[PDB]
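Peer 1: Right, I'll just put the structure down here and ask away after.
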Amino acid sequence: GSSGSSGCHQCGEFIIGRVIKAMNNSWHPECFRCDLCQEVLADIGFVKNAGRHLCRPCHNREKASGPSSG
Ligand SMILES: [Zn+2]
Ligand SMILES: [Zn+2]
């Protein structure tokens with residue numbers, strides 16, 4: 001049949017206690033980290049970009065539109 005209801009995608013292990021819902025999936029409070037700084041995006045939150053989980057800080061630095069804008 002099936003094993004577990006909500007398991008982490010990062011590592012895979014089953015989450016017990018705190019389940020971080022993101023990218024339409026369950027993850028751990030330590031697994032779900034940024035893709036540029038690997039910062040826990042459980043409480044601080046995350047930002048979906050280019051199919052990657054980033055933190056306001058980074059995401060902002062990346063998305064940051066060039067300084068030269070006509
Ligand atoms: Zn995990
Ligand atoms: Zn980051």
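Letters A, B, ... mark the chains of the structure tokens in the order given; residue numbers begin at 1 per chain; ligand numbers begin at 1, in order shown.
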Any idea what's packed within 10 Å of residue 59 of chain A, counting only C-alpha atoms, ignoring anything in its chain fewer than 2 positions away? Could you give it as number ranges by chain?

Peer 2: A: 34-36, 46-49, 52-57, 61-64

Peer 1: Around ligand 1, out to 9 Å and counting only C-alpha atoms and all ligand atoms, which residues are there? I want them as a list in words.

Peer 2: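 Residues satisfying the distance criterion: residues 7, 8, 9, 10, 11, 12, 13, 14, 15, 26, 27, 28, 29, 30, 31 and 32 of chain A.
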
Peer 1: Which one is closest to ligand 2: A:42, A:37, A:50, A:16? Count only C-alpha atoms and all ligand atoms.

Peer 2: A:37

Peer 1: Have a look at A:24, A:60, A:65, A:6 and name the one nearest to ligand 2; count only C-alpha atoms and all ligand atoms.

Peer 2: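 Counting only C-alpha atoms and all ligand atoms, the residue closest to ligand 2 is A:60.
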
Peer 1: Quote the spacing between atom CA of residue 25 of chain A and atom CA of residue 44 of chain A in Å to one decimal place.

Peer 2: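 About the pair atom CA of residue 25 of chain A and atom CA of residue 44 of chain A: they are 17.5 Å apart.
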
Peer 1: Would you work out the distance separating atom CA of residue 51 of chain A from atom CA of residue 23 of chain A, expressed in Å to one decimal?

Peer 2: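 Calculated distance between atom CA of residue 51 of chain A and atom CA of residue 23 of chain A is 8.7 Å.
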
Peer 1: Using DSSP on the backbone, list every residue of chain A that comes out as helix (DSSP H, G or I), and give them as a list in words.

Peer 2: residues 56, 57, 58, 59, 60, 61, 62 and 63 of chain A

Peer 1: If you keep C-alpha atoms, can you produce a file of those selected residues as a PDB file, in the first residue's frame?

Peer 2:
```
ATOM      1  CA  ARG A  56      14.287  36.820   0.946  1.00  0.00           C
ATOM      2  CA  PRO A  57      17.926  37.941   1.341  1.00  0.00           C
ATOM      3  CA  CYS A  58      19.334  35.912  -1.552  1.00  0.00           C
ATOM      4  CA  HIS A  59      16.263  35.915  -3.796  1.00  0.00           C
ATOM      5  CA  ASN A  60      16.270  39.703  -3.444  1.00  0.00           C
ATOM      6  CA  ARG A  61      19.938  39.845  -4.439  1.00  0.00           C
ATOM      7  CA  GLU A  62      19.298  37.660  -7.487  1.00  0.00           C
ATOM      8  CA  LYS A  63      15.968  39.042  -8.702  1.00  0.00           C
TER       9      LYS A  63
END
```

Peer 1: What gap, in Å, lies between atom CA of residue 20 of chain A and atom CA of residue 45 of chain A?

Peer 2: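 Atom CA of residue 45 of chain A lies 10.0 Å from atom CA of residue 20 of chain A.
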
Peer 1: So which residues of chain A fall under strand (DSSP E or B) by DSSP, listed as a list in words?

Peer 2: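 The residues of chain A classed as strand (DSSP E or B) are residues 7, 14, 20, 21, 22, 25, 26, 27, 33, 40, 47, 48, 49, 52, 53 and 54 of chain A.
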